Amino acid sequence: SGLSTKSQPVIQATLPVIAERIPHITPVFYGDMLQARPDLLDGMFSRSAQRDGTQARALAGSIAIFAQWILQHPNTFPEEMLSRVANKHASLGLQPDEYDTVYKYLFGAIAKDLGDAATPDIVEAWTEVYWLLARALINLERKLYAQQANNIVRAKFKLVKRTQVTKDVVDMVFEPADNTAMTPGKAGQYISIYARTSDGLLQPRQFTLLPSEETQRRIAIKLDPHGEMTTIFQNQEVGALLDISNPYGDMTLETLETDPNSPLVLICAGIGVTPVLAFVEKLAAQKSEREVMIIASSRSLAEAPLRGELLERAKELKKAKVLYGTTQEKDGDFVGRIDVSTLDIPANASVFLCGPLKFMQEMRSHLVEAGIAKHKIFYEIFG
């Protein structure tokens, strides 16, 4: 059952008002919920995302995007958004009963904001929208959990190897420290790793899995000088115990391969190399015949994380080319910004982007201007 005929005109008429009030409703929703359920800050919600504010708007904002979608495309869902959210939720171990929690505090905040304007017709219609989306996500998350090799949401790992590989990137290898079986990861997937803040709150962050033994989880963490957890993760000593989630994510090598022989173009900046290296290592293990073009940006070659390993893996591919651009020093294959018009990208190529939001926005724009189909551009936001 999709969006009811009764609710459609109400959602249609109130969508602008609701979208306008979302930034105001969000902090009240979270403030109320996290006062009643402080346990949810100790292992689930990111304190930094609450303090930044804009980030935390995504939950309610996706509800507005969803409402607009089901009005334009009835009995269908924005599957890309649902899949991304479900994989994140599964990484964080979200259980279906908590959708009742979010409903309670979200709609309480709607009531507080709108006051007497929150009449039954409006609350009824938006409640229907909420539960359509919640049910879809719950169903996706249930299927994700069924794929795992274990029945937990995170398990204890020991840090067995730690290497400072650039001025601000630490390459970390973990192995299980309890007897929980590991789910095999797919190239491009990430894990959530957990540590406590200085004042004792458990907090997760996501990192892309890197080539390792099947008995290991390997990640490369770039220091965010204005973030809370990367300093904590990078200061763990060998032997430290941290919890790691099961692996998830829908931005995998299979997602980029639309047909058996389509070429791949992988474009990254900074620590956005991490899915690229995962993809290249897998393609090399598969003895892929695809044409693979890798364009990586860094401030300098010395600051390019994992460049040596990426180049070694790329040498194993039949038809791979790697080009590094340097944006501060002049030692790259090229200097300055990637100019995609110079690239010969055919209409059957898939293009993958991973870098800072601004970098990806400019690349996506210039790709579209150069005639690359939006449907062929795939991206991975780190945050």
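Numbers for residues come from their place in the sequence shown, where the first is 1.
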As stated in the PDB record, which stretch has the larger average Cα B-factor, 329 to 337 or 345 to 353?
-> 345 to 353
As stated in the PDB record, which stretch has the larger average Cα B-factor, 251 to 259 or 151 to 159?
-> 251 to 259
In the PDB entry, which of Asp113, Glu79, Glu213, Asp243 has its C-alpha at the highest B-factor?
-> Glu79
Which one of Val28, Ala36, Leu41, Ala58 shows the top CA temperature factor in the record?
-> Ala58
Check where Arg47 lands among this chain's C-alpha B-factors and tell me if it's the lowest, middle or highest third.
-> lowest
Sorting the chain's modelled residues by C-alpha B-factor, tell me whether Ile191 ends up in the lowest, middle or highest third.
-> lowest
Which third of the chain does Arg290 land in by C-alpha B-factor: lowest, middle or highest?
-> highest
Comparing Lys88 with the other modelled residues of its chain, is its CA B-factor in the lowest, middle or highest third?
-> middle
Quick tally, chain-level thirds of C-alpha B-factors: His226 sits in the middle
